[PDB]
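Engineer: What follows is final.pdb; its format and atoms are PDB, C-alpha atoms and all ligand atoms.
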```pdb
ATOM      1  CA  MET I   1       0.000   0.000   0.000
ATOM      2  CA  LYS I   2       0.991   3.671  -0.369
ATOM      3  CA  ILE I   3       0.426   6.703   1.848
ATOM      4  CA  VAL I   4       0.911  10.039   0.066
ATOM      5  CA  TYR I   5       1.022  13.222   2.169
ATOM      6  CA  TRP I   6       2.100  16.865   2.400
ATOM      7  CA  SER I   7       3.332  18.224   5.734
ATOM      8  CA  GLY I   8       4.679  21.710   6.481
ATOM      9  CA  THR I   9       5.965  21.248  10.030
ATOM     10  CA  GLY I  10       5.833  17.465  10.429
ATOM     11  CA  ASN I  11       2.418  17.020  12.033
ATOM     12  CA  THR I  12       0.693  15.274   9.129
ATOM     13  CA  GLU I  13       3.996  13.464   8.459
ATOM     14  CA  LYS I  14       3.859  11.946  11.955
ATOM     15  CA  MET I  15       0.234  10.889  11.372
ATOM     16  CA  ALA I  16       1.306   9.159   8.145
ATOM     17  CA  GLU I  17       4.045   7.213   9.955
ATOM     18  CA  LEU I  18       1.643   6.010  12.652
ATOM     19  CA  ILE I  19      -0.950   5.022  10.038
ATOM     20  CA  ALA I  20       1.772   2.992   8.255
ATOM     21  CA  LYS I  21       2.667   1.380  11.596
ATOM     22  CA  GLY I  22      -0.931   0.135  11.916
ATOM     23  CA  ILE I  23      -0.888  -1.388   8.442
ATOM     24  CA  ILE I  24       2.454  -3.055   9.179
ATOM     25  CA  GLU I  25       1.181  -4.436  12.529
ATOM     26  CA  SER I  26      -1.646  -5.969  10.481
ATOM     27  CA  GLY I  27       1.019  -7.807   8.473
ATOM     28  CA  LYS I  28       0.981  -5.819   5.246
ATOM     29  CA  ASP I  29       3.630  -3.713   3.547
ATOM     30  CA  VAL I  30       3.224   0.034   3.098
ATOM     31  CA  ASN I  31       5.304   2.985   1.949
ATOM     32  CA  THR I  32       4.901   6.616   2.973
ATOM     33  CA  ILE I  33       5.629   9.045   0.137
ATOM     34  CA  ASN I  34       5.860  12.823   0.320
ATOM     35  CA  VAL I  35       3.627  14.325  -2.407
ATOM     36  CA  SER I  36       6.682  15.891  -4.061
ATOM     37  CA  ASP I  37       8.274  12.457  -4.740
ATOM     38  CA  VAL I  38       5.163  10.509  -5.772
ATOM     39  CA  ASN I  39       4.867   8.757  -9.161
ATOM     40  CA  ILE I  40       1.274   9.167 -10.356
ATOM     41  CA  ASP I  41       1.369   6.127 -12.629
ATOM     42  CA  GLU I  42       2.497   3.774  -9.862
ATOM     43  CA  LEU I  43       0.062   5.333  -7.415
ATOM     44  CA  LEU I  44      -2.937   4.717  -9.702
ATOM     45  CA  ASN I  45      -2.301   0.961  -9.645
ATOM     46  CA  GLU I  46      -3.235   0.908  -5.946
ATOM     47  CA  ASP I  47      -6.646  -0.380  -4.890
ATOM     48  CA  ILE I  48      -6.782   2.120  -2.018
ATOM     49  CA  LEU I  49      -5.360   5.655  -2.078
ATOM     50  CA  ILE I  50      -4.448   6.900   1.435
ATOM     51  CA  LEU I  51      -4.081  10.711   1.192
ATOM     52  CA  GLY I  52      -3.157  13.281   3.814
ATOM     53  CA  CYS I  53      -2.619  17.026   4.032
ATOM     54  CA  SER I  54      -2.920  19.618   6.801
ATOM     55  CA  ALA I  55      -5.357  22.534   6.696
ATOM     56  CA  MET I  56      -3.792  25.466   4.771
ATOM     57  CA  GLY I  57      -4.659  28.952   3.506
ATOM     58  CA  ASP I  58      -8.193  29.513   4.732
ATOM     59  CA  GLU I  59      -9.483  25.952   5.124
ATOM     60  CA  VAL I  60      -8.045  24.616   1.862
ATOM     61  CA  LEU I  61      -5.588  21.928   0.684
ATOM     62  CA  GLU I  62      -1.942  23.050   0.429
ATOM     63  CA  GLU I  63      -1.703  25.071  -2.780
ATOM     64  CA  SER I  64       1.744  24.686  -4.370
ATOM     65  CA  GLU I  65       2.062  20.908  -4.254
ATOM     66  CA  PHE I  66      -0.885  18.933  -2.893
ATOM     67  CA  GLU I  67      -3.775  20.727  -4.645
ATOM     68  CA  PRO I  68      -2.176  20.334  -8.151
ATOM     69  CA  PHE I  69      -1.597  16.648  -7.373
ATOM     70  CA  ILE I  70      -5.283  16.099  -6.527
ATOM     71  CA  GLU I  71      -6.172  17.954  -9.721
ATOM     72  CA  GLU I  72      -3.883  15.726 -11.741
ATOM     73  CA  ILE I  73      -5.372  12.437 -10.507
ATOM     74  CA  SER I  74      -9.035  13.624 -10.302
ATOM     75  CA  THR I  75      -9.937  12.269 -13.744
ATOM     76  CA  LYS I  76      -8.390   8.819 -13.225
ATOM     77  CA  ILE I  77      -9.737   7.832  -9.797
ATOM     78  CA  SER I  78     -13.450   7.117 -10.408
ATOM     79  CA  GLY I  79     -14.462   4.021  -8.452
ATOM     80  CA  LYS I  80     -11.300   3.959  -6.347
ATOM     81  CA  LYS I  81     -11.359   3.564  -2.577
ATOM     82  CA  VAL I  82      -9.738   6.435  -0.685
ATOM     83  CA  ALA I  83      -8.932   7.141   2.985
ATOM     84  CA  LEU I  84      -8.254  10.736   4.042
ATOM     85  CA  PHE I  85      -6.329  12.218   6.975
ATOM     86  CA  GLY I  86      -4.642  15.402   8.139
ATOM     87  CA  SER I  87      -3.633  17.700  10.981
ATOM     88  CA  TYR I  88      -5.281  21.069  11.585
ATOM     89  CA  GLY I  89      -4.839  23.978  13.944
ATOM     90  CA  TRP I  90      -7.571  26.468  14.706
ATOM     91  CA  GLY I  91     -10.622  25.383  12.715
ATOM     92  CA  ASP I  92     -12.949  22.400  13.153
ATOM     93  CA  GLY I  93     -12.329  20.390  10.009
ATOM     94  CA  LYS I  94     -13.855  22.479   7.210
ATOM     95  CA  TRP I  95     -10.956  21.748   4.831
ATOM     96  CA  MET I  96     -11.480  17.987   5.372
ATOM     97  CA  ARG I  97     -15.281  18.103   4.988
ATOM     98  CA  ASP I  98     -14.614  19.801   1.651
ATOM     99  CA  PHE I  99     -11.827  17.398   0.711
ATOM    100  CA  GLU I 100     -14.169  14.441   1.345
ATOM    101  CA  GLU I 101     -17.010  15.972  -0.672
ATOM    102  CA  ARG I 102     -14.530  16.696  -3.468
ATOM    103  CA  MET I 103     -13.234  13.091  -3.620
ATOM    104  CA  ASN I 104     -16.769  11.753  -3.539
ATOM    105  CA  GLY I 105     -17.649  14.043  -6.440
ATOM    106  CA  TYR I 106     -14.754  12.551  -8.468
ATOM    107  CA  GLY I 107     -16.437   9.169  -8.118
ATOM    108  CA  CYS I 108     -14.268   7.862  -5.272
ATOM    109  CA  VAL I 109     -15.616   5.788  -2.431
ATOM    110  CA  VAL I 110     -14.384   7.266   0.870
ATOM    111  CA  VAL I 111     -13.975   4.049   2.879
ATOM    112  CA  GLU I 112     -13.768   5.490   6.377
ATOM    113  CA  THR I 113     -14.505   8.713   8.200
ATOM    114  CA  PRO I 114     -11.487  11.003   7.549
ATOM    115  CA  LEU I 115      -9.025  11.098  10.442
ATOM    116  CA  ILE I 116      -8.271  14.633  11.626
ATOM    117  CA  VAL I 117      -5.997  15.522  14.577
ATOM    118  CA  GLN I 118      -5.239  18.907  16.077
ATOM    119  CA  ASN I 119      -1.561  19.861  15.804
ATOM    120  CA  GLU I 120       0.881  17.024  16.641
ATOM    121  CA  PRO I 121      -0.629  13.530  17.254
ATOM    122  CA  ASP I 122       0.776  12.922  20.790
ATOM    123  CA  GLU I 123      -2.467  11.922  22.569
ATOM    124  CA  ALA I 124      -4.132  10.714  19.350
ATOM    125  CA  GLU I 125      -1.226   8.390  18.413
ATOM    126  CA  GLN I 126      -3.216   5.179  18.883
ATOM    127  CA  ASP I 127      -6.101   6.677  16.884
ATOM    128  CA  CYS I 128      -3.673   7.025  13.962
ATOM    129  CA  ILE I 129      -2.457   3.437  14.314
ATOM    130  CA  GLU I 130      -6.072   2.186  14.537
ATOM    131  CA  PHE I 131      -7.098   4.111  11.376
ATOM    132  CA  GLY I 132      -4.302   2.253   9.600
ATOM    133  CA  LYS I 133      -5.634  -1.085  10.884
ATOM    134  CA  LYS I 134      -9.117  -0.234   9.557
ATOM    135  CA  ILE I 135      -7.640   0.556   6.139
ATOM    136  CA  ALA I 136      -5.670  -2.707   6.139
ATOM    137  CA  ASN I 137      -8.919  -4.606   6.753
ATOM    138  CA  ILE I 138     -10.749  -3.393   3.650
TER     139      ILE I 138
HETATM  140  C1  LIG I 201      -0.416  29.324   6.361
HETATM  141  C2  LIG I 201      -1.234  28.402   7.216
HETATM  142  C3  LIG I 201      -2.607  28.350   7.110
HETATM  143  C4  LIG I 201      -3.368  27.461   7.930
HETATM  144  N1  LIG I 201      -4.746  27.361   7.751
HETATM  145  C5  LIG I 201      -5.438  26.602   8.598
HETATM  146  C6  LIG I 201      -6.945  26.595   8.559
HETATM  147  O1  LIG I 201      -7.599  27.232   7.737
HETATM  148  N2  LIG I 201      -7.562  25.841   9.528
HETATM  149  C7  LIG I 201      -6.875  25.179  10.543
HETATM  150  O2  LIG I 201      -7.495  24.599  11.378
HETATM  151  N3  LIG I 201      -5.514  25.184  10.578
HETATM  152  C8  LIG I 201      -4.821  25.844   9.678
HETATM  153  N4  LIG I 201      -3.445  25.897   9.771
HETATM  154  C9  LIG I 201      -2.765  25.144  10.837
HETATM  155  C10 LIG I 201      -2.146  23.821  10.361
HETATM  156  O3  LIG I 201      -3.110  23.036   9.656
HETATM  157  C11 LIG I 201      -1.640  23.026  11.565
HETATM  158  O4  LIG I 201      -0.627  23.773  12.229
HETATM  159  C12 LIG I 201      -1.144  21.589  11.295
HETATM  160  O5  LIG I 201      -0.783  20.960  12.530
HETATM  161  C13 LIG I 201       0.008  21.588  10.297
HETATM  162  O6  LIG I 201       0.380  20.255   9.992
HETATM  163  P1  LIG I 201       1.679  20.104   9.173
HETATM  164  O7  LIG I 201       2.890  20.153  10.021
HETATM  165  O8  LIG I 201       1.541  18.637   8.748
HETATM  166  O9  LIG I 201       1.612  20.997   8.019
HETATM  167  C14 LIG I 201      -2.693  26.671   8.909
HETATM  168  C15 LIG I 201      -1.307  26.741   9.014
HETATM  169  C16 LIG I 201      -0.576  27.566   8.173
HETATM  170  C17 LIG I 201       0.941  27.517   8.295
END
```
Output the file's structure as structure tokens, nothing else.
Ligand SMILES: Cc1cc2nc3c(=O)[nH]c(=O)nc-3n(C[C@H](O)[C@H](O)[C@H](O)COP(=O)(O)O)c2cc1C

Structural biologist:
Amino acid sequence: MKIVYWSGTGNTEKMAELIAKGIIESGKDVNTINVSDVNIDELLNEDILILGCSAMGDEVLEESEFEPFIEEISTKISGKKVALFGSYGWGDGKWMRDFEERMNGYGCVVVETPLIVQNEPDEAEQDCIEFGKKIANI
């Protein structure tokens, strides 16, 4: 499996690592890839796309790298299962509610409720691991 993410200070990056840990504990292989190093072609071969990005701008996906990436794959992901996650700071999840509605509109099936954590995981560490285990069970 593959986990693709964008992280500005390391918060969403930490979530990605913990999610991968859950998949590994379930006995499956997984690789975490920063959005800047992802190969679209390889990524599209995956049954499940696990995508993460923190809340940026004013409740939007990061603009210089993540947003263009979503735009690029939007036309080739109809019918694909996707799991969404990300860290946020002062809001209550608006960027993720929008992200989910967007993916659903592209024809994707959002397999689980998106996982959102405020700032660094710390207390929500197990929640991240568990989300990974749910994904590994689909
Ligand atoms: C320029 C900028 C804009 C942000 N916009 C939002 C926002 O609209 N809502 C929110 O809850 N957090 C917002 N945040 C806070 C980040 O989402 C939060 O600090 C998160 O933990 C960052 O995770 P990261 O290290 O993975 O990027 C913003 C942060 C920055 C730097």

Engineer: Kindly provide, as a list in words, the polymer residues lying within 9 Å of (-8.2, 4.0, 7.9), counting all atoms listed in the file and using the coordinates exactly as they appear in the file.

Structural biologist: residues 19, 50, 83, 84, 85, 111, 112, 113, 114, 115, 128, 129, 130, 131, 132, 133, 134, 135, 136, 137 and 138 of chain I

Engineer: Counting only C-alpha atoms, note down every residue that has an atom within 9 Å of the point (-8.6, 20.8, 9.2) (file coordinates), as a list in words.

Structural biologist: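 Using only C-alpha atoms, the matching residues come out as residues 53, 54, 55, 56, 59, 60, 86, 87, 88, 89, 90, 91, 92, 93, 94, 95, 96, 97, 116, 117 and 118 of chain I.
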
Engineer: Could you tell me how far atom CA of residue I:12 sits from atom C7 of ligand LIG 201 (chain I), in Å to one decimal place?

Structural biologist: 12.5 Å

Engineer: Looking at all atoms listed in the file, which of I:4, I:82, I:100, I:29 is the one that sits closest to residue I:66?

Structural biologist: I:4

Engineer: Separation of atom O8 of ligand LIG 201 (chain I) and atom CA of residue I:79, in Å?

Structural biologist: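 Between atom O8 of ligand LIG 201 (chain I) and atom CA of residue I:79 the gap is 27.7 Å.
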
Engineer: Around stretch 66-70 of chain I, fit a box with edges along x, y and z, padding it by 4 Å on each side, then list its centre and edge lengths in Å to one decimal as lines of an AutoDock Vina configuration file.

Structural biologist:
```
center_x = -3.1
center_y = 18.4
center_z = -5.5
size_x = 12.4
size_y = 12.6
size_z = 13.3
```

Engineer: Identify which of the residues I:23, I:38, I:61, I:33 lies closest to ligand LIG 201 (chain I), counting all atoms listed in the file when measuring atom-to-atom distances.

Structural biologist: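 That would be I:61, the residue with the smallest distance to ligand LIG 201 (chain I).
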
Engineer: Restricting the calculation to only C-alpha atoms and all ligand atoms, which member of I:127, I:47, I:63, I:42 is positioned closest to ligand LIG 201 (chain I)?

Structural biologist: I:63

Engineer: Please write as a ChimeraX atom specification the full residue list that the PyMOL selection byres (((chain I and resi 70) around 10) and not hetatm) yields on this file.

Structural biologist: /I:35,51,61,65-69,71-75,77,99,102-103

Engineer: Report the residues retrieved by the PyMOL selection byres (((chain I and resi 32) around 8) and not hetatm) from the displayed file, expressed as a ChimeraX atom specification.

Structural biologist: /I:2-5,16-17,20,30-31,33-34

Engineer: May I ask which of the residues I:126, I:78, I:64, I:39 is the closest one to ligand LIG 201 (chain I), counting only C-alpha atoms and all ligand atoms?

Structural biologist: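 Selected residue with least distance to ligand LIG 201 (chain I): I:64.
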
Engineer: Please report the interatomic distance between atom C16 of ligand LIG 201 (chain I) and atom CA of residue I:101 in Å with one decimal.

Structural biologist: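 Answer for the atom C16 of ligand LIG 201 (chain I) to atom CA of residue I:101 separation: 22.0 Å.
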
Engineer: Counting only C-alpha atoms and all ligand atoms, figure out which residue out of I:45, I:36, I:11, I:104 gets nearest to ligand LIG 201 (chain I).

Structural biologist: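 With only C-alpha atoms and all ligand atoms as the atom set, the closest residue is I:11.
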
Engineer: N, CA, C and O atoms are what I want for stretch 9-23 of chain I; can you complete it accordingly and write them as a PDB file, in the frame of the given file?

Structural biologist:
```
ATOM      1  N   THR I   9       5.141  21.237   8.823  1.00  0.00           N
ATOM      2  CA  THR I   9       5.965  21.248  10.030  1.00  0.00           C
ATOM      3  C   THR I   9       6.215  19.849  10.598  1.00  0.00           C
ATOM      4  O   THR I   9       6.950  19.697  11.582  1.00  0.00           O
ATOM      5  N   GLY I  10       5.639  18.830   9.966  1.00  0.00           N
ATOM      6  CA  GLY I  10       5.833  17.465  10.429  1.00  0.00           C
ATOM      7  C   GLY I  10       4.640  16.838  11.124  1.00  0.00           C
ATOM      8  O   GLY I  10       4.665  15.645  11.412  1.00  0.00           O
ATOM      9  N   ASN I  11       3.573  17.591  11.346  1.00  0.00           N
ATOM     10  CA  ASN I  11       2.418  17.020  12.033  1.00  0.00           C
ATOM     11  C   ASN I  11       1.706  15.943  11.231  1.00  0.00           C
ATOM     12  O   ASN I  11       1.494  14.832  11.733  1.00  0.00           O
ATOM     13  N   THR I  12       1.350  16.253   9.988  1.00  0.00           N
ATOM     14  CA  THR I  12       0.693  15.274   9.129  1.00  0.00           C
ATOM     15  C   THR I  12       1.674  14.145   8.788  1.00  0.00           C
ATOM     16  O   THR I  12       1.261  12.992   8.612  1.00  0.00           O
ATOM     17  N   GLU I  13       2.972  14.468   8.739  1.00  0.00           N
ATOM     18  CA  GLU I  13       3.996  13.464   8.459  1.00  0.00           C
ATOM     19  C   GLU I  13       3.998  12.410   9.565  1.00  0.00           C
ATOM     20  O   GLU I  13       4.099  11.212   9.293  1.00  0.00           O
ATOM     21  N   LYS I  14       3.881  12.858  10.815  1.00  0.00           N
ATOM     22  CA  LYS I  14       3.859  11.946  11.955  1.00  0.00           C
ATOM     23  C   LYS I  14       2.607  11.068  11.885  1.00  0.00           C
ATOM     24  O   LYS I  14       2.672   9.865  12.162  1.00  0.00           O
ATOM     25  N   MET I  15       1.477  11.655  11.492  1.00  0.00           N
ATOM     26  CA  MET I  15       0.234  10.889  11.372  1.00  0.00           C
ATOM     27  C   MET I  15       0.435   9.773  10.346  1.00  0.00           C
ATOM     28  O   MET I  15       0.020   8.642  10.578  1.00  0.00           O
ATOM     29  N   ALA I  16       1.047  10.114   9.212  1.00  0.00           N
ATOM     30  CA  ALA I  16       1.306   9.159   8.145  1.00  0.00           C
ATOM     31  C   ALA I  16       2.131   7.973   8.645  1.00  0.00           C
ATOM     32  O   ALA I  16       1.814   6.818   8.341  1.00  0.00           O
ATOM     33  N   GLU I  17       3.184   8.259   9.405  1.00  0.00           N
ATOM     34  CA  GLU I  17       4.045   7.213   9.955  1.00  0.00           C
ATOM     35  C   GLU I  17       3.307   6.253  10.879  1.00  0.00           C
ATOM     36  O   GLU I  17       3.544   5.043  10.847  1.00  0.00           O
ATOM     37  N   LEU I  18       2.430   6.800  11.713  1.00  0.00           N
ATOM     38  CA  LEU I  18       1.643   6.010  12.652  1.00  0.00           C
ATOM     39  C   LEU I  18       0.601   5.178  11.908  1.00  0.00           C
ATOM     40  O   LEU I  18       0.319   4.046  12.286  1.00  0.00           O
ATOM     41  N   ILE I  19       0.029   5.745  10.847  1.00  0.00           N
ATOM     42  CA  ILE I  19      -0.950   5.022  10.038  1.00  0.00           C
ATOM     43  C   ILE I  19      -0.239   3.817   9.384  1.00  0.00           C
ATOM     44  O   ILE I  19      -0.772   2.702   9.372  1.00  0.00           O
ATOM     45  N   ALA I  20       0.976   4.043   8.885  1.00  0.00           N
ATOM     46  CA  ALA I  20       1.772   2.992   8.255  1.00  0.00           C
ATOM     47  C   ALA I  20       2.079   1.901   9.277  1.00  0.00           C
ATOM     48  O   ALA I  20       2.028   0.721   8.957  1.00  0.00           O
ATOM     49  N   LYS I  21       2.374   2.308  10.509  1.00  0.00           N
ATOM     50  CA  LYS I  21       2.667   1.380  11.596  1.00  0.00           C
ATOM     51  C   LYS I  21       1.484   0.419  11.824  1.00  0.00           C
ATOM     52  O   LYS I  21       1.682  -0.773  12.075  1.00  0.00           O
ATOM     53  N   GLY I  22       0.265   0.946  11.733  1.00  0.00           N
ATOM     54  CA  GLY I  22      -0.931   0.135  11.916  1.00  0.00           C
ATOM     55  C   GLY I  22      -1.104  -0.901  10.817  1.00  0.00           C
ATOM     56  O   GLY I  22      -1.531  -2.038  11.066  1.00  0.00           O
ATOM     57  N   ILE I  23      -0.791  -0.498   9.591  1.00  0.00           N
ATOM     58  CA  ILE I  23      -0.888  -1.388   8.442  1.00  0.00           C
ATOM     59  C   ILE I  23       0.169  -2.478   8.580  1.00  0.00           C
ATOM     60  O   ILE I  23      -0.125  -3.662   8.385  1.00  0.00           O
TER      61      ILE I  23
END
```
